[PDB]
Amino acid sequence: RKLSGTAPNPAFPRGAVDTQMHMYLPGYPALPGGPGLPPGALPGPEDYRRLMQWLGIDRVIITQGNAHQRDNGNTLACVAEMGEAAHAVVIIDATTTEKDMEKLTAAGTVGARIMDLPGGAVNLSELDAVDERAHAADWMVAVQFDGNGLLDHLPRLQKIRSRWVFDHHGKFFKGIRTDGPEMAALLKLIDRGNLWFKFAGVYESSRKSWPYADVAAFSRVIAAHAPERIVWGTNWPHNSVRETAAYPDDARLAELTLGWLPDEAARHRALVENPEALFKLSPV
């Protein structure tokens, strides 16, 4: 993996938050139900610190990988090793008690994860159970599903109590029209004020070569509509990539997708104020 390069231009503001990454420590096996660990080298704190230093990332949200299913051990241990800069997004479900939630909060947990696509630990059918607890704890929920099913999920997404983020540019694998009912439904969800939209992992859904114009088209529209509701992430360590040859340059990728925002004020929001609001972080 590439862990150094030329800095993003313009440079990230102090306090910049990577809202989308996974991290891996030795001694935390993959669990049945998931994809298994990243074949190697194990992408851990040392490698990610290098990435942070390259990009100018100051704060990181470390999210539970599918590899670990419902066992939060690795993620929590990564946050602890990373120290002040890191917070966790973990797995909860209907078995998670109030006391469990306080343990997770004290250990730096700021949210829970729903992953409806293959490999995910908790799919959309458990949304209400995750949401009721997250809301009670004043957490957020990261929600990832095939965006082309948005209209089917609309009634349940409307009922979400918590702050939440729609992962990875919505993963609209087939695209979406910028003025169709899908876009209309998404903007109405955003208007309510409890939904953020994530610019991370564009290459996991684009059917185009760089500069990923298909995803750019609708991402520009969403960011223009609601610049105080966009967040950004690396998608490090890019688990869907298997060969050195296809591994993205994280600084260039950042410049590209941040370039889809409407102006410089929106770029600062996307990197600092917006994630501070989504995750309820102390202000920089």
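All residue numbers refer to positions in the sequence shown, first residue = 1.
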Would you tell me which stretch averages the higher CA B-factor in the PDB entry, 199 to 207 or 93 to 101? 93 to 101
Can you tell me which stretch has the higher mean Cα B-factor, 151 to 159 or 179 to 187? 179 to 187
Sorting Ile57, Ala224, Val241, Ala216 by Cα temperature factor from the record, which one lands on top? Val241
Which one, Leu25, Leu261, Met21, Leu271, has the peak C-alpha temperature factor per the PDB entry? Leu25
Splitting the chain's C-alpha B-factors into thirds, which one does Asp116 fall into? lowest
Where does the C-alpha B-factor of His68 rank in its chain, lowest, middle or highest third? lowest
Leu31: C-alpha B-factor third of its chain, per the entry, is the highest
Chain-wide C-alpha B factor ranking for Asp131, given as lowest, middle or highest third: middle
Of the three thirds of its chain by CA temperature factor, lowest, middle or highest, which one includes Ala11? highest
